[PDB]
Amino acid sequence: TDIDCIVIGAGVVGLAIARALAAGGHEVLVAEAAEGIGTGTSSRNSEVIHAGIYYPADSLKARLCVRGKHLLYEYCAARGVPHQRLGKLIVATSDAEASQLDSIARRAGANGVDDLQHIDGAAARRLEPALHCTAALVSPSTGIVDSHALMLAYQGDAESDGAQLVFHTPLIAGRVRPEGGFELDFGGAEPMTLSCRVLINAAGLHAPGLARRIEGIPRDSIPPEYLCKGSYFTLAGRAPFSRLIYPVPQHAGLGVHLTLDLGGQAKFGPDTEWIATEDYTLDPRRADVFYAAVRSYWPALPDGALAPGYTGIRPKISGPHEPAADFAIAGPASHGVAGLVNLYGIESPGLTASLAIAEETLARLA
């Protein structure tokens, strides 16, 4: 018999969607190619709860980041998911950069982020004794979250509403059925075929390629699949700052974020590296260029202190010389396929936006 809804991918976004579908009374099967939940791009990010500052007005990134932030802070408090509203400084390290702050704060305001504080460098140093900057914007609503815990929590909720998750179960090929619904061929060690009424393609890095593997999805609707890797490095011995530090959006060349984990340890990154294949191997040498970038706002960074961290890969749907694409949530109104939502290019701030992306997917599926 048909399963009602199949969600492909058990990342944070796939799980938020499964959770929403199951809460709506639908039978849900989540198929994940990996051996567990949240091993993918949901385990290789900064884990920052973003405020919604610099996304373009009315973009999905802007709307879903701000809505998602509110839903997520409430969810974390309600469910006891570890998180901290520790705040962030966007720091200007030259007079030219300091001049950029006013417009950045106005963009945030227009997105519904109305708590930014514009302060001078001396004020910023009062807040953060180790910090060297010309001026800053304080973003008090920016936080951090344990994304693994968040994933498990979404999973728990969905299961409580009858969802079933099946691991090491890769979707290989599918077809839109003439009569409606989908027929799906799964691979791995135990290949099998299942059919369903609703299909959610939340496959992340692989969503566009996977859509191309489903007969009946228009090929002109599917974006190209690019990969933009990011590497993080860690700092042993407890952090020099109590808030996240971000250079200005338009900072020239490499902008190194200083972020914090829940245990209080600082990490640096991610950088940007366009690559041809899905390769998570950490190149420790990529830290070399971090030093001068970080020392612009934290000159006390010691030599050799940037220890190997980890990598992630962003799902890109536009190329290295194009302006960044918005999130793509493609439902029947754009591709013409009843019962299908493809999600493409859910890079940052996808974790922050996750519960809002779930809302929007259901809205579009309708």
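All residue numbers are counted from 1 along the displayed sequence.
Enquirer: Using only the Cα atoms and their B-factors as the entry lists them, report which of 148 to 156 and 166 to 174 averages higher.
Expert: The deposited B-factors put 148 to 156 ahead on the C-alpha mean.
Enquirer: What stretch has the higher average Cα B-factor here, 226 to 234 or 277 to 285?
Expert: Per the PDB entry, the higher value belongs to 277 to 285.
Enquirer: Between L199, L210, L72, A252, which one tops the list for C-alpha B-factor in the PDB entry?
Expert: Most elevated C-alpha B-factor of the set, per the entry: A252.
Enquirer: Select one of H50, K316, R44, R63: the residue whose C-alpha shows the highest B-factor in the crystal structure entry.
Expert: In the PDB entry, the greatest C-alpha B-factor among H50, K316, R44, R63 is found at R44.
Enquirer: If you rank every modelled residue in this chain by C-alpha B factor, which third holds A20: lowest, middle or highest?
Expert: For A20, whose C-alpha B-factor we compare with every modelled residue in the chain, the answer is the middle third.
Enquirer: C-alpha B factor of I8, ranked within the chain: lowest, middle or highest third?
Expert: It belongs to the lowest third of the chain when residues are ordered by C-alpha B-factor.
Enquirer: Mind checking which third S221 falls in for C-alpha B-factor across the chain?
Expert: Within its chain, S221 is a highest-third residue by C-alpha B-factor, going by the deposited values.
Enquirer: Quick check for you: using the entry's CA B-factors within this chain, is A105 in the lowest, middle or highest third?
Expert: For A105, the deposited C-alpha B-factor lands in the lowest third.
Enquirer: Consider only the C-alpha atoms of the modelled residues in this chain, order them by B-factor as the entry records it, and name the third containing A300: lowest, middle or highest.
Expert: Ranked within chain, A300 CA B lands in the middle tercile.
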